[PDB]
file structure-v8.cif (mmCIF, N, CA and C atoms and all ligand atoms)
data_work
#
loop_
_atom_site.label_atom_id
_atom_site.label_comp_id
_atom_site.auth_asym_id
_atom_site.auth_seq_id
_atom_site.Cartn_x
_atom_site.Cartn_y
_atom_site.Cartn_z
N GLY A 1 175.84 139.20 29.94
CA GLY A 1 174.79 140.15 30.41
C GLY A 1 174.37 141.06 29.25
N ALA A 2 174.41 140.52 28.04
CA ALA A 2 174.02 141.27 26.85
C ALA A 2 172.96 140.50 26.07
N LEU A 3 172.15 141.22 25.30
CA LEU A 3 171.10 140.56 24.52
C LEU A 3 170.99 141.17 23.13
N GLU A 4 170.90 140.29 22.16
CA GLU A 4 170.80 140.68 20.76
C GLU A 4 169.47 140.19 20.18
N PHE A 5 168.70 141.12 19.63
CA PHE A 5 167.41 140.79 19.02
C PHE A 5 167.13 141.69 17.82
N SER A 6 166.36 141.17 16.87
CA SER A 6 166.01 141.92 15.67
C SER A 6 164.49 142.08 15.60
N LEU A 7 164.04 143.29 15.28
CA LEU A 7 162.60 143.57 15.19
C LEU A 7 162.21 144.01 13.79
N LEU A 8 161.06 143.53 13.34
CA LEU A 8 160.54 143.88 12.01
C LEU A 8 159.08 144.30 12.12
N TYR A 9 158.80 145.55 11.78
CA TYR A 9 157.43 146.05 11.83
C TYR A 9 156.87 146.11 10.41
N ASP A 10 155.95 145.21 10.10
CA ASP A 10 155.34 145.16 8.78
C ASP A 10 153.96 145.82 8.83
N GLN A 11 153.71 146.74 7.89
CA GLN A 11 152.45 147.47 7.85
C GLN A 11 151.42 146.79 6.95
N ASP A 12 151.87 146.25 5.82
CA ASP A 12 150.97 145.60 4.88
C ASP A 12 150.01 144.66 5.60
N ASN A 13 150.55 143.91 6.56
CA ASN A 13 149.75 142.97 7.32
C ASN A 13 149.67 143.41 8.78
N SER A 14 150.29 144.55 9.08
CA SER A 14 150.28 145.07 10.45
C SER A 14 150.70 143.96 11.40
N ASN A 15 151.82 143.33 11.08
CA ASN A 15 152.34 142.23 11.87
C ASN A 15 153.63 142.62 12.57
N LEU A 16 153.63 142.54 13.90
CA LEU A 16 154.79 142.87 14.68
C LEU A 16 155.64 141.62 14.87
N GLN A 17 156.78 141.57 14.20
CA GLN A 17 157.67 140.41 14.28
C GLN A 17 158.94 140.75 15.06
N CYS A 18 159.23 139.92 16.06
CA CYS A 18 160.42 140.10 16.89
C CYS A 18 161.32 138.88 16.77
N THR A 19 162.61 139.12 16.52
CA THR A 19 163.56 138.02 16.37
C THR A 19 164.66 138.10 17.43
N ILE A 20 164.56 137.27 18.47
CA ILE A 20 165.57 137.25 19.50
C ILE A 20 166.74 136.41 19.01
N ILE A 21 167.87 137.06 18.80
CA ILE A 21 169.05 136.37 18.27
C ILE A 21 169.77 135.53 19.32
N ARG A 22 170.44 136.17 20.27
CA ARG A 22 171.20 135.40 21.26
C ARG A 22 171.54 136.19 22.51
N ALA A 23 171.90 135.46 23.57
CA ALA A 23 172.29 136.06 24.84
C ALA A 23 173.79 135.82 25.04
N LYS A 24 174.48 136.78 25.66
CA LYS A 24 175.92 136.66 25.88
C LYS A 24 176.29 136.77 27.35
N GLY A 25 177.06 135.79 27.82
CA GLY A 25 177.53 135.77 29.21
C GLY A 25 176.38 135.66 30.20
N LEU A 26 176.12 134.44 30.67
CA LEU A 26 175.06 134.23 31.67
C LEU A 26 175.68 133.94 33.04
N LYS A 27 175.36 134.79 34.01
CA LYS A 27 175.89 134.64 35.37
C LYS A 27 175.35 133.37 36.03
N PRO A 28 176.12 132.76 36.91
CA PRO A 28 175.71 131.51 37.62
C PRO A 28 174.20 131.42 37.82
N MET A 29 173.67 130.21 37.72
CA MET A 29 172.23 129.99 37.86
C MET A 29 171.86 128.91 38.86
N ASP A 30 172.19 127.67 38.52
CA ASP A 30 171.87 126.55 39.39
C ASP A 30 172.99 126.29 40.37
N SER A 31 172.63 125.88 41.59
CA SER A 31 173.64 125.59 42.59
C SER A 31 174.68 124.67 41.99
N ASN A 32 174.27 123.93 40.96
CA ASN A 32 175.17 123.01 40.28
C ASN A 32 176.08 123.77 39.32
N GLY A 33 175.65 124.96 38.89
CA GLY A 33 176.47 125.76 37.98
C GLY A 33 176.00 125.59 36.54
N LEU A 34 174.84 124.96 36.37
CA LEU A 34 174.27 124.77 35.04
C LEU A 34 173.25 125.87 34.79
N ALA A 35 172.54 125.79 33.67
CA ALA A 35 171.55 126.81 33.37
C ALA A 35 170.70 126.43 32.16
N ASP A 36 169.43 126.79 32.23
CA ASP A 36 168.49 126.55 31.14
C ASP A 36 167.65 127.81 30.95
N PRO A 37 168.10 128.72 30.14
CA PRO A 37 167.41 130.01 29.91
C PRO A 37 166.39 129.98 28.78
N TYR A 38 165.37 130.81 28.94
CA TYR A 38 164.31 130.95 27.95
C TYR A 38 163.86 132.40 27.90
N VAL A 39 163.35 132.82 26.75
CA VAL A 39 162.92 134.21 26.58
C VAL A 39 161.40 134.31 26.55
N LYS A 40 160.89 135.45 27.02
CA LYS A 40 159.45 135.70 27.05
C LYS A 40 159.16 137.13 26.61
N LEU A 41 158.36 137.28 25.55
CA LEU A 41 158.02 138.60 25.04
C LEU A 41 156.70 139.07 25.65
N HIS A 42 156.70 140.31 26.13
CA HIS A 42 155.50 140.89 26.73
C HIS A 42 155.32 142.34 26.28
N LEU A 43 154.11 142.67 25.84
CA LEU A 43 153.82 144.03 25.38
C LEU A 43 153.01 144.77 26.43
N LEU A 44 153.54 145.91 26.86
CA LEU A 44 152.86 146.73 27.87
C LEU A 44 152.89 148.21 27.49
N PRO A 45 151.86 148.97 27.82
CA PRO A 45 150.64 148.48 28.53
C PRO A 45 149.69 147.75 27.58
N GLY A 46 149.05 146.70 28.07
CA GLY A 46 148.13 145.93 27.24
C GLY A 46 147.34 144.92 28.07
N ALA A 47 146.42 144.22 27.41
CA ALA A 47 145.60 143.22 28.09
C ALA A 47 146.36 141.90 28.20
N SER A 48 146.61 141.47 29.43
CA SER A 48 147.33 140.22 29.67
C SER A 48 146.67 139.06 28.93
N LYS A 49 145.54 139.34 28.29
CA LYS A 49 144.81 138.31 27.55
C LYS A 49 145.77 137.34 26.86
N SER A 50 146.54 137.86 25.92
CA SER A 50 147.49 137.03 25.19
C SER A 50 148.64 137.86 24.63
N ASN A 51 148.83 139.06 25.18
CA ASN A 51 149.89 139.93 24.73
C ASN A 51 151.25 139.42 25.20
N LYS A 52 151.34 138.12 25.44
CA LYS A 52 152.57 137.51 25.90
C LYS A 52 152.87 136.21 25.14
N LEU A 53 154.07 136.14 24.56
CA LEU A 53 154.49 134.95 23.82
C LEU A 53 155.78 134.41 24.41
N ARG A 54 155.85 133.09 24.58
CA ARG A 54 157.04 132.46 25.17
C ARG A 54 157.95 131.88 24.09
N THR A 55 159.24 132.05 24.31
CA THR A 55 160.26 131.56 23.39
C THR A 55 160.70 130.14 23.77
N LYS A 56 161.54 129.54 22.94
CA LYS A 56 162.03 128.19 23.20
C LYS A 56 162.98 128.21 24.40
N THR A 57 163.14 127.06 25.05
CA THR A 57 164.01 126.96 26.23
C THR A 57 165.20 126.04 25.97
N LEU A 58 166.40 126.60 26.03
CA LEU A 58 167.62 125.82 25.83
C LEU A 58 168.12 125.34 27.19
N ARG A 59 168.78 124.19 27.20
CA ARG A 59 169.29 123.61 28.45
C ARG A 59 170.82 123.54 28.48
N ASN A 60 171.35 123.30 29.68
CA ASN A 60 172.79 123.19 29.89
C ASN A 60 173.57 124.15 28.99
N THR A 61 173.64 125.41 29.39
CA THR A 61 174.37 126.41 28.60
C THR A 61 174.76 127.61 29.45
N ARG A 62 175.47 128.55 28.83
CA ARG A 62 175.91 129.77 29.50
C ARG A 62 175.93 130.92 28.51
N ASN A 63 175.79 130.57 27.23
CA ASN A 63 175.79 131.55 26.15
C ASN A 63 175.03 130.98 24.94
N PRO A 64 173.76 130.68 25.13
CA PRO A 64 172.90 130.08 24.06
C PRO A 64 172.35 131.09 23.05
N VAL A 65 172.09 130.59 21.85
CA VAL A 65 171.54 131.38 20.76
C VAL A 65 170.11 130.92 20.48
N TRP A 66 169.15 131.83 20.56
CA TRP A 66 167.75 131.47 20.32
C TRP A 66 167.40 131.56 18.84
N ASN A 67 167.75 132.67 18.21
CA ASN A 67 167.44 132.85 16.80
C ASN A 67 166.02 132.40 16.52
N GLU A 68 165.10 132.90 17.33
CA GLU A 68 163.69 132.57 17.21
C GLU A 68 162.89 133.80 16.80
N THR A 69 161.88 133.58 15.94
CA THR A 69 161.03 134.66 15.46
C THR A 69 159.64 134.60 16.08
N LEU A 70 159.37 135.53 16.99
CA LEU A 70 158.07 135.61 17.64
C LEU A 70 157.21 136.63 16.91
N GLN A 71 156.01 136.23 16.50
CA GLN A 71 155.12 137.13 15.75
C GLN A 71 153.87 137.50 16.55
N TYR A 72 153.50 138.78 16.45
CA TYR A 72 152.31 139.30 17.13
C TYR A 72 151.31 139.80 16.09
N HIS A 73 150.29 139.00 15.81
CA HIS A 73 149.28 139.36 14.83
C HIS A 73 148.05 139.97 15.50
N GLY A 74 147.65 141.14 15.02
CA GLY A 74 146.49 141.85 15.58
C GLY A 74 146.90 143.24 16.05
N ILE A 75 148.15 143.60 15.76
CA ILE A 75 148.67 144.91 16.15
C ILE A 75 148.35 145.95 15.09
N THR A 76 148.12 147.19 15.54
CA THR A 76 147.80 148.28 14.62
C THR A 76 148.75 149.46 14.85
N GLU A 77 148.96 150.25 13.80
CA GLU A 77 149.85 151.41 13.90
C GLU A 77 149.58 152.18 15.19
N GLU A 78 148.31 152.26 15.57
CA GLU A 78 147.93 152.97 16.79
C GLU A 78 148.60 152.32 17.99
N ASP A 79 148.67 150.99 17.98
CA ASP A 79 149.29 150.26 19.07
C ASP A 79 150.81 150.39 19.00
N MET A 80 151.33 150.39 17.78
CA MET A 80 152.76 150.51 17.56
C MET A 80 153.30 151.80 18.17
N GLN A 81 152.47 152.84 18.16
CA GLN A 81 152.87 154.14 18.70
C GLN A 81 152.41 154.29 20.14
N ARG A 82 151.71 153.28 20.67
CA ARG A 82 151.19 153.35 22.03
C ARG A 82 151.80 152.29 22.96
N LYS A 83 152.19 151.14 22.43
CA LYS A 83 152.74 150.08 23.27
C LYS A 83 154.27 150.07 23.33
N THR A 84 154.77 149.21 24.20
CA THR A 84 156.21 149.05 24.42
C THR A 84 156.60 147.58 24.37
N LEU A 85 157.55 147.25 23.50
CA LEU A 85 158.02 145.88 23.36
C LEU A 85 159.07 145.56 24.42
N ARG A 86 158.76 144.60 25.29
CA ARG A 86 159.69 144.21 26.34
C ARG A 86 160.14 142.76 26.13
N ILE A 87 161.45 142.53 26.26
CA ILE A 87 162.01 141.19 26.09
C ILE A 87 162.50 140.68 27.44
N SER A 88 161.74 139.77 28.05
CA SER A 88 162.09 139.23 29.35
C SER A 88 162.85 137.92 29.22
N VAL A 89 164.03 137.86 29.85
CA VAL A 89 164.85 136.65 29.83
C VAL A 89 164.91 136.05 31.22
N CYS A 90 164.34 134.85 31.37
CA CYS A 90 164.31 134.18 32.67
C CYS A 90 165.01 132.82 32.62
N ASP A 91 165.38 132.30 33.80
CA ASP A 91 166.05 131.00 33.90
C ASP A 91 165.16 129.98 34.59
N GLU A 92 165.11 128.77 34.03
CA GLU A 92 164.30 127.69 34.59
C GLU A 92 165.18 126.55 35.07
N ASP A 93 164.88 126.02 36.26
CA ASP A 93 165.65 124.92 36.83
C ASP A 93 164.75 123.70 37.05
N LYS A 94 164.88 123.08 38.22
CA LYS A 94 164.08 121.91 38.55
C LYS A 94 162.75 122.34 39.16
N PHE A 95 161.92 121.36 39.52
CA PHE A 95 160.62 121.64 40.11
C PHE A 95 160.78 122.30 41.48
N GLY A 96 161.58 123.36 41.52
CA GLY A 96 161.82 124.09 42.77
C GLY A 96 161.54 125.58 42.59
N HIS A 97 162.60 126.36 42.43
CA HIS A 97 162.47 127.81 42.25
C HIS A 97 163.05 128.23 40.91
N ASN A 98 163.03 129.53 40.68
CA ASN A 98 163.55 130.10 39.44
C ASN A 98 164.27 131.42 39.73
N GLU A 99 164.98 131.92 38.73
CA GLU A 99 165.72 133.17 38.87
C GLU A 99 165.68 133.98 37.58
N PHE A 100 165.32 135.26 37.69
CA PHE A 100 165.24 136.12 36.53
C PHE A 100 166.64 136.55 36.10
N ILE A 101 166.90 136.51 34.80
CA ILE A 101 168.21 136.89 34.27
C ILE A 101 168.26 138.39 33.99
N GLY A 102 167.53 138.82 32.97
CA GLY A 102 167.50 140.23 32.61
C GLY A 102 166.42 140.52 31.57
N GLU A 103 166.03 141.79 31.47
CA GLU A 103 164.98 142.18 30.53
C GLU A 103 165.35 143.46 29.78
N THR A 104 164.61 143.71 28.69
CA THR A 104 164.82 144.90 27.87
C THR A 104 163.50 145.63 27.67
N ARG A 105 163.56 146.92 27.34
CA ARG A 105 162.36 147.71 27.13
C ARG A 105 162.55 148.67 25.95
N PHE A 106 161.57 148.70 25.05
CA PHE A 106 161.64 149.58 23.89
C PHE A 106 160.25 150.06 23.48
N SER A 107 160.14 151.34 23.17
CA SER A 107 158.86 151.91 22.75
C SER A 107 158.60 151.59 21.28
N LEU A 108 157.57 150.81 21.02
CA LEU A 108 157.26 150.42 19.65
C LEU A 108 157.28 151.65 18.73
N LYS A 109 156.92 152.80 19.29
CA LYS A 109 156.91 154.04 18.51
C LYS A 109 158.20 154.19 17.70
N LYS A 110 159.27 153.56 18.16
CA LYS A 110 160.56 153.65 17.49
C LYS A 110 160.60 152.77 16.24
N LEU A 111 159.60 151.90 16.07
CA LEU A 111 159.56 151.02 14.92
C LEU A 111 158.91 151.72 13.73
N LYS A 112 159.54 151.59 12.57
CA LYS A 112 159.04 152.19 11.34
C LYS A 112 158.39 151.12 10.47
N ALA A 113 157.28 151.47 9.82
CA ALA A 113 156.58 150.52 8.97
C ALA A 113 157.52 149.95 7.90
N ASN A 114 157.52 148.62 7.77
CA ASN A 114 158.37 147.94 6.79
C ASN A 114 159.85 148.22 7.04
N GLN A 115 160.24 148.24 8.31
CA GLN A 115 161.64 148.48 8.67
C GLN A 115 162.14 147.36 9.59
N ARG A 116 163.42 147.02 9.47
CA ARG A 116 164.03 145.98 10.29
C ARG A 116 165.27 146.53 11.00
N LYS A 117 165.21 146.63 12.32
CA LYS A 117 166.34 147.15 13.10
C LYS A 117 166.93 146.08 14.01
N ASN A 118 168.25 146.05 14.10
CA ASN A 118 168.94 145.08 14.95
C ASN A 118 169.33 145.73 16.28
N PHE A 119 169.10 145.03 17.38
CA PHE A 119 169.42 145.57 18.71
C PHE A 119 170.49 144.73 19.41
N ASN A 120 171.25 145.40 20.26
CA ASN A 120 172.31 144.76 21.03
C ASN A 120 172.63 145.64 22.24
N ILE A 121 172.07 145.29 23.40
CA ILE A 121 172.29 146.11 24.60
C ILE A 121 172.48 145.25 25.85
N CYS A 122 172.86 145.92 26.93
CA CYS A 122 173.09 145.26 28.21
C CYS A 122 171.82 145.28 29.06
N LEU A 123 171.52 144.16 29.71
CA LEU A 123 170.34 144.07 30.55
C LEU A 123 170.58 144.76 31.89
N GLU A 124 169.51 145.27 32.49
CA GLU A 124 169.61 145.97 33.77
C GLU A 124 168.93 145.15 34.88
N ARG A 125 169.14 145.57 36.12
CA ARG A 125 168.55 144.88 37.26
C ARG A 125 167.03 144.89 37.17
N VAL A 126 166.38 144.16 38.07
CA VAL A 126 164.93 144.09 38.09
C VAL A 126 164.43 143.64 39.46
N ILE A 127 163.60 144.46 40.08
CA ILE A 127 163.05 144.15 41.40
C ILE A 127 161.59 143.71 41.28
CA CA A 201 168.80 128.85 38.74
CA CA A 202 168.81 126.57 35.06
#

call {"tool": "encode", "arguments": {"input": "structure-v8.cif", "output": "structure tokens"}}
result
Amino acid sequence: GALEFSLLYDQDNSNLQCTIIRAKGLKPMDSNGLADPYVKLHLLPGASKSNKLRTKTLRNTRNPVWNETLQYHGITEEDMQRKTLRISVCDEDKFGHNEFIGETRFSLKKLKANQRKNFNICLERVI
């Protein structure tokens, strides 16, 4: 129930780069006891236009490592101090239903130009 991700805010190109490292301890998912988790980055408040990027999806696991770098091009310092970077972790099964694992929330304002910070926190409930 923990998530590790690294964020890099570059000013030269005003590129918001997010690196989701790995998830730790995944609670039961499929009635079978298997699991296929994937990460989804969403910036809010913003235009659902395309402010959402999907991460790779790993299968049959309980503690998978994504180590994926999601980049958001078109962001400006004004947005960095106005938007919030959210990391949504969901679980995908068969052509039936799905179950949300956990998500994170951080105010981009906390990101410094040309700075790289590593995160590691526990996910909270979600209704
Ligand atoms: Ca499931
Ligand atoms: Ca699954």

call {"tool": "select_by_dssp", "arguments": {"input": "structure-v8.cif", "residues": "chain A", "states": "alpha helix (DSSP H)", "output": "PyMOL selection string"}}
result
chain A and resi 77-80

call {"tool": "write_last_selection", "arguments": {"input": "structure-v8.cif", "atoms": "N, CA and C atoms", "output": "short mmCIF file (atom, residue, chain, number, x, y, z; two decimals), in the coordinates of the input"}}
result
data_model
loop_
_atom_site.label_atom_id
_atom_site.label_comp_id
_atom_site.auth_asym_id
_atom_site.auth_seq_id
_atom_site.Cartn_x
_atom_site.Cartn_y
_atom_site.Cartn_z
N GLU A 77 148.96 150.25 13.80
CA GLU A 77 149.85 151.41 13.90
C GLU A 77 149.58 152.18 15.19
N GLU A 78 148.31 152.26 15.57
CA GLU A 78 147.93 152.97 16.79
C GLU A 78 148.60 152.32 17.99
N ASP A 79 148.67 150.99 17.98
CA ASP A 79 149.29 150.26 19.07
C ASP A 79 150.81 150.39 19.00
N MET A 80 151.33 150.39 17.78
CA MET A 80 152.76 150.51 17.56
C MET A 80 153.30 151.80 18.17
#

call {"tool": "closest_atom_pairs", "arguments": {"input": "structure-v8.cif", "of": "chain A", "to": "ligand CA 201 (chain A)", "cutoff": "5 Å", "atoms": "only N, CA and C atoms and all ligand atoms", "output": "Markdown table"}}
result
| residue | atom | partner | partner_atom | distance |
| --- | --- | --- | --- | --- |
| A:29 | C | A:CA201 | CA | 3.1 |
| A:30 | N | A:CA201 | CA | 3.6 |
| A:99 | N | A:CA201 | CA | 4.9 |

call {"tool": "closest_atom_pairs", "arguments": {"input": "structure-v8.cif", "of": "chain A", "to": "ligand CA 202 (chain A)", "cutoff": "7 Å", "atoms": "all atoms listed in the file", "output": "Markdown table"}}
result
| residue | atom | partner | partner_atom | distance |
| --- | --- | --- | --- | --- |
| A:29 | C | A:CA202 | CA | 5.4 |
| A:30 | N | A:CA202 | CA | 5.0 |
| A:34 | C | A:CA202 | CA | 4.5 |
| A:35 | CA | A:CA202 | CA | 3.2 |
| A:36 | N | A:CA202 | CA | 2.9 |
| A:37 | N | A:CA202 | CA | 5.4 |
| A:60 | N | A:CA202 | CA | 6.8 |
| A:91 | C | A:CA202 | CA | 5.0 |
| A:92 | C | A:CA202 | CA | 3.6 |
| A:93 | CA | A:CA202 | CA | 4.0 |
| A:94 | N | A:CA202 | CA | 6.1 |

call {"tool": "residues_around", "arguments": {"input": "structure-v8.cif", "residues": "residue 14 (chain A)", "least_positions_apart": "6", "cutoff": "6.5 Å", "atoms": "only N, CA and C atoms", "output": "PyMOL selection string"}}
result
chain A and resi 72-77

call {"tool": "residues_around", "arguments": {"input": "structure-v8.cif", "residues": "region 82-87 of chain A", "least_positions_apart": "4", "cutoff": "6.5 Å", "atoms": "all atoms listed in the file", "output": "list in words"}}
result
residues 40, 41, 42, 43, 44, 45, 77, 78, 102, 103, 104, 105, 106, 107, 108 and 109 of chain A

call {"tool": "closest_residue", "arguments": {"input": "structure-v8.cif", "among": "A:11, A:81, A:71, A:63", "to": "residue 51 (chain A)", "atoms": "only C-alpha atoms"}}
result
A:71

call {"tool": "closest_residue", "arguments": {"input": "structure-v8.cif", "among": "A:65, A:111, A:53, A:39", "to": "residue 9 (chain A)", "atoms": "all atoms listed in the file"}}
result
A:111

call {"tool": "select_by_dssp", "arguments": {"input": "structure-v8.cif", "residues": "region 33-125 of chain A", "states": "strand (DSSP E or B)", "output": "PyMOL selection string"}}
result
chain A and resi 37-44+52-57+65-73+84-92+98-107+115-122+124

call {"tool": "closest_residue", "arguments": {"input": "structure-v8.cif", "among": "A:27, A:49, A:125, A:116", "to": "residue 88 (chain A)", "atoms": "only C-alpha atoms"}}
result
A:125

call {"tool": "closest_residue", "arguments": {"input": "structure-v8.cif", "among": "A:115, A:98, A:120, A:67", "to": "residue 10 (chain A)", "atoms": "only C-alpha atoms"}}
result
A:115

call {"tool": "atom_distance", "arguments": {"input": "structure-v8.cif", "atom1": "CA of residue 66 (chain A)", "atom2": "CA of residue 121 (chain A)"}}
result
15.9 Å

call {"tool": "atom_distance", "arguments": {"input": "structure-v8.cif", "atom1": "atom C of residue 52 (chain A)", "atom2": "atom N of residue 18 (chain A)"}}
result
11.7 Å

call {"tool": "build_atoms", "arguments": {"input": "structure-v8.cif", "residues": "region 65-81 of chain A", "atoms": "N, CA, C and O atoms", "output": "short mmCIF file (atom, residue, chain, number, x, y, z; two decimals), in the coordinates of the input"}}
result
data_model
loop_
_atom_site.label_atom_id
_atom_site.label_comp_id
_atom_site.auth_asym_id
_atom_site.auth_seq_id
_atom_site.Cartn_x
_atom_site.Cartn_y
_atom_site.Cartn_z
N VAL A 65 172.09 130.59 21.85
CA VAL A 65 171.54 131.38 20.76
C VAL A 65 170.11 130.92 20.48
O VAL A 65 169.88 129.74 20.21
N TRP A 66 169.15 131.83 20.56
CA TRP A 66 167.75 131.47 20.32
C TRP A 66 167.40 131.56 18.84
O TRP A 66 166.82 130.63 18.29
N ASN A 67 167.75 132.67 18.21
CA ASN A 67 167.44 132.85 16.80
C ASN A 67 166.02 132.40 16.52
O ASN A 67 165.76 131.61 15.61
N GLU A 68 165.10 132.90 17.33
CA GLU A 68 163.69 132.57 17.21
C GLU A 68 162.89 133.80 16.80
O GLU A 68 163.17 134.92 17.24
N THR A 69 161.88 133.58 15.94
CA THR A 69 161.03 134.66 15.46
C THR A 69 159.64 134.60 16.08
O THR A 69 158.83 133.75 15.72
N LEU A 70 159.37 135.53 16.99
CA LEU A 70 158.07 135.61 17.64
C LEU A 70 157.21 136.63 16.91
O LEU A 70 157.64 137.77 16.69
N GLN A 71 156.01 136.23 16.50
CA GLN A 71 155.12 137.13 15.75
C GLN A 71 153.87 137.50 16.55
O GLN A 71 153.27 136.67 17.22
N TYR A 72 153.50 138.78 16.45
CA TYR A 72 152.31 139.30 17.13
C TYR A 72 151.31 139.80 16.09
O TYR A 72 151.48 140.89 15.53
N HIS A 73 150.29 139.00 15.81
CA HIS A 73 149.28 139.36 14.83
C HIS A 73 148.05 139.97 15.50
O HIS A 73 147.50 139.40 16.44
N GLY A 74 147.65 141.14 15.02
CA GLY A 74 146.49 141.85 15.58
C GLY A 74 146.90 143.24 16.05
O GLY A 74 146.11 143.96 16.67
N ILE A 75 148.15 143.60 15.76
CA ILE A 75 148.67 144.91 16.15
C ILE A 75 148.35 145.95 15.09
O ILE A 75 148.32 145.65 13.90
N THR A 76 148.12 147.19 15.54
CA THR A 76 147.80 148.28 14.62
C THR A 76 148.75 149.46 14.85
O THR A 76 149.27 149.64 15.94
N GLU A 77 148.96 150.25 13.80
CA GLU A 77 149.85 151.41 13.90
C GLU A 77 149.58 152.18 15.19
O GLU A 77 150.50 152.68 15.84
N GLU A 78 148.31 152.26 15.57
CA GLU A 78 147.93 152.97 16.79
C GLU A 78 148.60 152.32 17.99
O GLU A 78 149.05 153.01 18.91
N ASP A 79 148.67 150.99 17.98
CA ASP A 79 149.29 150.26 19.07
C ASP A 79 150.81 150.39 19.00
O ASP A 79 151.49 150.48 20.02
N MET A 80 151.33 150.39 17.78
CA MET A 80 152.76 150.51 17.56
C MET A 80 153.30 151.80 18.17
O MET A 80 154.44 151.86 18.62
N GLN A 81 152.47 152.84 18.16
CA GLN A 81 152.87 154.14 18.70
C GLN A 81 152.41 154.29 20.14
O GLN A 81 152.64 155.33 20.77
#
